[PDB]
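A closer look at the structure
Given next are the chains, with one letter for each unit.
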Amino acid sequence: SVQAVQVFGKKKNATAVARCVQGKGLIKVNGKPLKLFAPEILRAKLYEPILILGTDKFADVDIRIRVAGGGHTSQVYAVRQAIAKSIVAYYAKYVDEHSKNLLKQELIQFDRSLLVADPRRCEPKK
Amino acid sequence: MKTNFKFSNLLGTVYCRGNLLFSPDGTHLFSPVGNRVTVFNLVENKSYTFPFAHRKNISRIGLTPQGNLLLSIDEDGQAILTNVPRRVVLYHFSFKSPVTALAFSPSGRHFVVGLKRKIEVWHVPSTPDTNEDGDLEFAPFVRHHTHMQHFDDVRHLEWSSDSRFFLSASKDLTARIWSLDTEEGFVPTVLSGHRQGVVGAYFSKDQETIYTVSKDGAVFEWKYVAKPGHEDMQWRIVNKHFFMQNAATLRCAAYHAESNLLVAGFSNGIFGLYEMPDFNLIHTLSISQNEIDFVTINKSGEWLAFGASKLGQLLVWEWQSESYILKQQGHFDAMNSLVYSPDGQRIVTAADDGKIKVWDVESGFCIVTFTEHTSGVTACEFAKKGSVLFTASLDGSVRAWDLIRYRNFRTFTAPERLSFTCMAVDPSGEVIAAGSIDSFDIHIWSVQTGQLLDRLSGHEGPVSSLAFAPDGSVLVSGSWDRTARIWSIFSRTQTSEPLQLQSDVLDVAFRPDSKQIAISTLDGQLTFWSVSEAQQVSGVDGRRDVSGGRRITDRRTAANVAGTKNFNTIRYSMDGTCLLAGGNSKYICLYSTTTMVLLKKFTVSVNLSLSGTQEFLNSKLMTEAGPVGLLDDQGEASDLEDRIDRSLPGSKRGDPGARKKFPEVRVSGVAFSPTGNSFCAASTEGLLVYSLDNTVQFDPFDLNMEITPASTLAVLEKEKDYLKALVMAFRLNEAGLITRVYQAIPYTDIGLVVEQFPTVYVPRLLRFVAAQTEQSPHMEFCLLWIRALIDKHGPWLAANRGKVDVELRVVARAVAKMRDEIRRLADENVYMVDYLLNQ
Amino acid sequence: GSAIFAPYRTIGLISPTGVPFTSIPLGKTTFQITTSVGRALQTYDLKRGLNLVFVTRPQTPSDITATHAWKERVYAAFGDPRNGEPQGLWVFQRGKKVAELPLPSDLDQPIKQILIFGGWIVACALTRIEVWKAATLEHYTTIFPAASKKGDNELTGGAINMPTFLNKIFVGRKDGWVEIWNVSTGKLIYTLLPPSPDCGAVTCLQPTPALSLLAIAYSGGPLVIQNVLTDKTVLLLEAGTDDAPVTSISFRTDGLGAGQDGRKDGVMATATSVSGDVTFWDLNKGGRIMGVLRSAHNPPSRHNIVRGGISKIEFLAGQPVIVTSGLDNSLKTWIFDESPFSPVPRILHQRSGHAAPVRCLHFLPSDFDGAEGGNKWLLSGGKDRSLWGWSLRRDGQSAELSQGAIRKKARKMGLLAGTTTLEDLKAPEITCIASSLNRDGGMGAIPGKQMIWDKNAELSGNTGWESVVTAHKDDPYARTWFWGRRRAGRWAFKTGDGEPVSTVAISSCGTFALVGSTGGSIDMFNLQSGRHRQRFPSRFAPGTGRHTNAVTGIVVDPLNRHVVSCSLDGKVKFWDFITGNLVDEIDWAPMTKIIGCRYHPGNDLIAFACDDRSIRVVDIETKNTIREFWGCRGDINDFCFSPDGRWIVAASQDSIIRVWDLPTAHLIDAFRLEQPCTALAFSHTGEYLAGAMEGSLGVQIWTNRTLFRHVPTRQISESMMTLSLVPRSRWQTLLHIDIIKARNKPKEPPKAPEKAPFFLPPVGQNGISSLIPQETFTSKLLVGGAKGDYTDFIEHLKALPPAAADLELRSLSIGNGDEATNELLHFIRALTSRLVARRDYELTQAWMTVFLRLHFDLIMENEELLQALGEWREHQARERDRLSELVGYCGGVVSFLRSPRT
Amino acid sequence: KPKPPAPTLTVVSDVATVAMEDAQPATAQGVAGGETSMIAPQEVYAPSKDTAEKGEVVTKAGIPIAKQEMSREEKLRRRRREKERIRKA
Amino acid sequence: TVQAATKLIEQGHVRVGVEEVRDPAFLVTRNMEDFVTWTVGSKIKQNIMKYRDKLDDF
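Report on the accompanying structure. (Residues numbered from 1 in each chain as written, not as in the entry; some residues may be left out. Chains lettered and ligands numbered in written order. Part of a larger assembly, values for the part shown. Heavy atoms only, no water. Residues with missing side-chain atoms left out of burial classes, pairs and counts.)

1. Examining the pairing of strand β52 (residues 587-592) of chain B
All names here are of chain B. Of all 6 residues making up β52, 6 are buried, and the element is well covered by its neighbours. Burial along β52 is two-sided: the face carrying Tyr587, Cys589 and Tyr591 and the face carrying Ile588, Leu590 and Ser592 are both buried. As judged from the 5 bridges shared by strand β51 (residues 578-582) and β52, these two strands associate in the antiparallel manner. The partner of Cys578 across the bridge, within β52, is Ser592. The antiparallel pairing of β51 with β52 creates a hairpin that spans 4 residues between the two strands. By the bridge criterion, 5 bridges tie β52 to strand β53 (residues 598-603) in an arrangement that is antiparallel. Counted as the bridge partner of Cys589 is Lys601 from β53. Connecting β52 to the next strand, β53, in antiparallel fashion are 5 residues, including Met596 with a positive phi near 65°. (Buried < 20%, exposed > 50% of the residue type's maximum accessible area, 1.4 Å probe, protein only. Helix = DSSP H or I, 4+ residues; strand = E, 2+ residues; numbered from the N terminus. Pairing = 2+ DSSP bridges.)

2. So, the interface of chain C and chain B
Across the contact, 108 residues belong to chain C and 109 residues belong to chain B. Taken together, the elements giving at least two residues each to the side of chain C that touches chain B come down to β1 (5-11), α2 (458-463), β49 (624-629), α3 (728-734), α9 (841-854), α10 (856-861) and α11 (866-898) of chain C. Partitioning the side of chain C that touches chain B into residue classes produces 51 nonpolar, 32 polar and 25 charged. (Contact = heavy atoms within 4.5 Å. Nonpolar A, V, L, I, M, F, W, Y, C, P; charged D, E, K, R; others polar.)

3. Observations concerning unusual backbone geometry
Residue C:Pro58 is bonded to the preceding C:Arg57 through a cis peptide linkage, with omega at 0°. Along the chain, the position of C:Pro58 falls in the loop between β5 (52-55) and β6 (64-69). Going from C:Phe536 to C:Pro537, the amide bond is cis rather than trans, its omega being 0°. A positive phi angle, close to 60°, is found at B:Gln839, a residue other than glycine. Tracing the chain through its elements places B:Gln839 in the segment after α10 (823-837). Here the phi dihedral of C:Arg613 falls at roughly 55°; this positive angle occurs in a residue that is not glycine. Along the chain, the position of C:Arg613 falls in the loop between β47 (605-609) and β48 (615-619). For C:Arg613, a relative accessible area of 40% gives the class partly exposed.

This is the structure:
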């Protein structure tokens, strides 16, 4: 009955659950707002999907994120991955596939790591 | 380029279940291929396919004795008649029962048809081709008579020579004689006395003796002689004689009455032909291992045409010369892969039968069948040179054939035994990479050395698609570890850059200008990556665009069937602007690589005898025992070799048993043509060649208001401004007008026209003169055109080289035709004449 | 007539006329129901649904006014000669005319009904009965009823037979009299008078299932059932109002259905022509009424455009079903239930059509290459507010795209009894439609039931959303329709300006639906989510490109790059898609006022129809008009393209349809219609054109004659070394015919018997092959050498099979020792002549190759032809130096230009 | 796993490639194609020591040189090269 | 259980390798027992991920 989408985000050892529901427009990380949770210089890494997609896409959703593990940098990268993948999955399920494809195209044109986490394996020059 | 693809000829299969036919001239051979009818012109090597398509497989072909009208019957009796000179569909009409016999009258006014027990003689409809002031009627067929004086299947119908009587041969062991209208001294008599049912009843030339050939292998003569007690005569039997084919029953016989000879094809594949009225065995031989299904004879009488249904196996036999005219074989398994030749004249396909064969695009015949693989053949590939073909297969060997000598100069194996399922080859032709499902390493051999260079590794799963870059610097592998690899092999450092994806990689393809690559995953999405800076630049989510399904034995809705929602194979255009994508589904998608939209979607088959060709099956075919196309009906067969089920339980990939009732629709390989303007796709029905339609569609380039064909010919003939007339014709884009002005300007003003011609119309002009060299008999004129064009616009084409690559390729193969066809003969003639003149 | 379009069939038309149907029982299981198109008859089967069995050909020259259906044949009487038209009576069988009836010379009356019995067929015209004998189909006599007044002679009602009465017809007059006429001797035998003579005219009469009881129905209201030999009234029923006279009556011959339990017989249905409700009587006690089936068809209104009435009632023989046919293009069959007692029946079969003329037409886009093609589904929006999907393949699989439970709403309102009407319960009349089945989900489009026109997207993306968008007459919403489900879609898009819709369009990808108001505003909606995406213009200078007048004709590029939108007042504007800003305008403002546009995908051409009676074709890529067409003498009603793009067809208000060749910029044909055409639609492949006329309900299908026979019509109206043509295959296997026959020999030989048949029978034309063309090749060559020209010998040798060519090239010889008798020297001189004339280079080289290959010994040992070889070598060396330099230059430079970096 | 590879030899003739082609009315090759004799000049004739003359030797170049005309220095060098190959094996 | 497994591979949740398998008699060899797994859009796969609380809706 309720519109709800749960999306994970991943870095070295920092993981993020983001549940996106129908709402008024808030984004909370660990119960505190997104403008509070980061080091003061990496908030520009957090605001990257919102500024790519515009605020009109985030006008309708409410995203709640939990993070665990990692350091400050790994947790910031996990939060921005959870934000971007979360709004793309909500627009996949509950509005049109053309809007899903437009959001995916804008995010992939900026940075692919907002959608697909690339782990660093060990394969040096063999 | 213009993505306006109609359906050109089917190819890759030469015969399927159905009747064979000759033209009344004797040259064209009409053969049914699934639900279409190919015409093989045999006097000049050509072939085409009629534009219709039946919903089920062809049951019957008939042809009006004038030659013009063809009438094709599907299963369940849906008939399409069409005009063979102007290849257009004329009438659709449904006989409500499955047609099991059909014969047109030699006068041309009637045709008789046997629906299982019934015998209906119909009138032949009046057509717009034959009347001056006439049109399509609504219901054109007028029934003349119906006869149900019969007890079982009508297996044959044969008219007289004066077209007043006909004979119906049966399955209730009795041939009958019928009339068209009520004659004076006639009763519709029966001809009883057989043992296993008549195959065919035939008249003689002077219609006194009529012959009956039955299924057990016995042919009887029938004459109108008096009863042995002597107005009082009876159609009785004068002599009987038997084909002594030992352990077989004859499946189809024919009888040429003008020359008096009878041919019979038997269940063990050995046919025999006999000069009938004294029954001297002319000869006999074994054309097929399986059986012979349908025999027809030439109108002249000098050619025979046999068709076996279980394989492709169509062959025409010239009996007095004792030699084949053609002996052709389609694939009897799933066509696994295909590639065009880099010239573009011939394509080569590799199926799971174990054979690979090289079909010619014109004339539709296979020209060589390489048969050294002992298991199913997967991917085949060419080099840039086009003379060498490398084929991988499941018997563990990547073989390497040379097509100027037709022998595998190399065979490669892995030391531990693998079964290769995918392969790529460097465009230099010196390195072969191949990958399998058993080991996750990816093997590399050298062509000029023969031994194994390396086993590259770094994949956590079996490697599914390999592609060498067309410049020659980068191998790309794609594997079920959700990963792809940019292998750089040829540099001094051998490196591997991974591309992490979301699901298992199914296909990898390059752009021709090698900066881009498209990889198709198992989600159903295409991702366009860059190879220099390895970042995804584009993407299509294409599940809905290809999802067309619901096979029989499928308890999901066609929208919920996963497995037919991915792209198994993708190929760029030779332009590089449009992908073409095909999977295990009914639809072929044609995407744009820049604007990321689906330009055009195609449907491979309308054929309802295949399994997955409509996404909403109807509830009429669902009984209370499952669907109606699922009950095992082998036990209702007259022949033991048809009744025996030698099938293995749970064998998806081929078994020699191969029940194969209602096979699935899947596009296992697609390829664009290197000359442009065509692609083709290996379906299960055949090998469909789609091509652009430019002659049946008006499409100007950049037109003004005062530019008509009348104005173009006016500035040609009156004003004599040849460059203006030619630019106006290329601007109108009508091929007849372009040909008219092109032939009309003179060969001394060619140079002035080319010197002042525009560079926006240069590539269209190069393509046009390439087509005119390959088709028209004005060879020195077109070569002066090509010479003036390249001598004037030399540095522009060499500067571009990517925008004009297809135009240069088709010009190159046009001058390759003229270089190999006439000047070798001219040189050999002048050297032979010089020697014979020097004694 | 025309030179391109030939008439095929009026489709979408089952019963439009006042001519009642006729039912014949086939066997014990089928009934044939035969109705009148107006120029033909349609026979449907009842057990097989009501799918069309036969339609009648050829089309009769006038309107059919009477019909009957005997054993197999259908008799059809046509033509009212009181106004011009020719008349006749024709006998059809299986939809083809098998016989004609000889009408009398002095027959100047329409022919109201036909009646076949005994061996006699009987035609009641107006005041006159013409009777033929059926076994020979010959004229017998003519019955003339007589009257004292002018009016009372008129034979309204008709004549019917009683079943056990030998050779007697029962005619009804305009006076109340029913006159019995013995049709053998042509004699008036009895007359029976109306009871209570205020009731004036016999409206109908029908035989009961009782013997010698006839049911006469008078215009003053009473139904009587009377013994017709006792002349005594059995029942008298006040069955009609004086304004609503009983017109059709029919009795149930089943044996049950009355008496408030259903196990007693005696039921009669009746209908008046001014109502649309049938009435059932139980005749048992006094003849009470038992039920009224209300609004079985549309009730006819003189003020409304929708037609209506009931033309005929027929109980079928011995069965519960009742077949009724109305004037509102509809045929229904109802059935009485058995186990619960139903006084009124329930509907089991129905076919229908438009109850009004057809307003707009649209052939559906092609299922990508499937069995539908472009030419199966037509989509017709009528003036009776319904959108029908017609099928040209089978006429039984065409069904109305339903707007919801309209008949359930009209029965739960008081719309079936007697406020608005059932047509007014629907969406308004359709102005235009545009559809794209790239995302039509078939039957399972959105599973479950959805709301209709409302004013969850994972399942929509999996299966498929709406397909058709539809602009209606004066409503501000542009409705949407599922196509594959055949129902109304779940969205209804408002304009944004508030003004009513003027045009609507759908994207090629099937996602976006663009509405364009009559006030100027253009809006774009996503059809999957039903949401407003982009407005044109958004909010040249960006933000200001808005139209000032109505928007007719928007259309989207198939690449989703531009949308080109056309104003009423003046200009055409190309907008960017994803931005919503104006890119480029073209202004024909002070001189035109554009009333429509059509677009051709695959050609990039747009055709605008302006108000100066002209059509301007513009290339959308170069943005300049390329073809203007000036032919119309009225306003352009509807115009369309050809799928090749080569023609544009325009139907104007002057009732002339004009075809323009677009490459030649000329007229081709212009044919005059009987009524002005209101809508045109060409199929997406080239066979069918469809025109919806003015006045006629149901569209007219024309075929395209140019696809089948070539027409030469272009009539502008107002009211060097060459090769040969010889096949490459032929001469290239002449050059190689030893190894080709060696590969064509089988591996194992044929198992010929020991007693082999010597002297096989001769096949081919006279002992040789049938490919050698019939009328001595040495005689040809030597008479060609006696003359100067070898063209006869060369044109003979060209048209040979390769085996016969190798034979006639191996069978040359020196012979007698003269220069005029040897074939080798003349063959060399013939090839020398062809090298001089520069005609057949490839064939000359192939012929010389095989000639030198099989004759080198004689030409080496002989000196009489080494001079000819020297002259041949001179010409050959010149020509091969020139041609080899040419082809080597082109080959080497092309191979360099393909890869210049080594 | 397919099978262990076991040696199989195929005897090709000196016929043209249009004898390996399938049965059809005319060849798909042109007029230049159809003279390629399906075995290379190296299989028609290869000069080697087993097919040389008695007095002569053949070199690695495929050229007949006789032992009588060969000098002492070239004899010594050819003995050293054959001994070098023997030491390599 | 084998009964539930035959029901699931008749409803078509199981692929072997890359191809979905609808036949419940497909003989799985020793090196394809490493490649039998669920299909792409499987509700059974969503059930397993929803149990393990790793339900990624992307």
